[PDB]
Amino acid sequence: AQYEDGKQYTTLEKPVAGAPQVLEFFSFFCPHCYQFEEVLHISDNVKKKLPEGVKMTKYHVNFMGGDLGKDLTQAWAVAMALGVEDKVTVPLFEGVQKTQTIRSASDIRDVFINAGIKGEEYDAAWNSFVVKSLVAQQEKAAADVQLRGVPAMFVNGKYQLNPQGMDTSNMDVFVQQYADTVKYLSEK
């Protein structure tokens, strides 16, 4: 075929009931995630090609960056609850990987403040139980697929993108292939 199991995607030996339709995992500590987000805009280009009526879920994970990793997963939860993903994603990546000015929960918070979320509102979210279950969700969804690496994408809890099996010599081309694969898997 043109899309074959084991080359552009892999199948899960243990499918995941009631999973989000399109589920992406990343970490602000992950160098390819930085690439996927800042250079390739994968998440964005996928969305531009998905059929109507399909939602994208993106979750942060804990297994990179130790203590600050978890902080970042809680901060990402705050981003999702406040709906400010678009406003912190870029400075969070650059703060962890480019300028390296994020060294503590407090530095993470500065980014939200500089992105215009108010302190009171951030601290309130940070400490809220809505955020606690949002952290819970992120952890559970990674748990359901025994996630050991990022970046990672999963479609309807059954298929996993395999970027290793796509030509990277052109970046525009890698992205479209990736997105088109997600679209094919979506319709499967």
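From 1 onward, residues are counted along the sequence shown.
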What stretch has the higher average Cα B-factor here, 25-33 or 157-165? 157-165
Selected stretch [higher average CA B-factor]: 7-15 or 173-181: 7-15
What's the residue among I42, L147, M64, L134 with the greatest CA temperature factor in the PDB record? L147
Using the temperature factors in the entry, find which of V54, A125, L68, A152 has the highest value at its Cα atom. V54
Here the Cα B-factor of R109, set against its chain, lands in the third termed lowest
Lowest, middle or highest third: which one holds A142 when the chain's residues are ordered by CA B-factor from the entry? middle
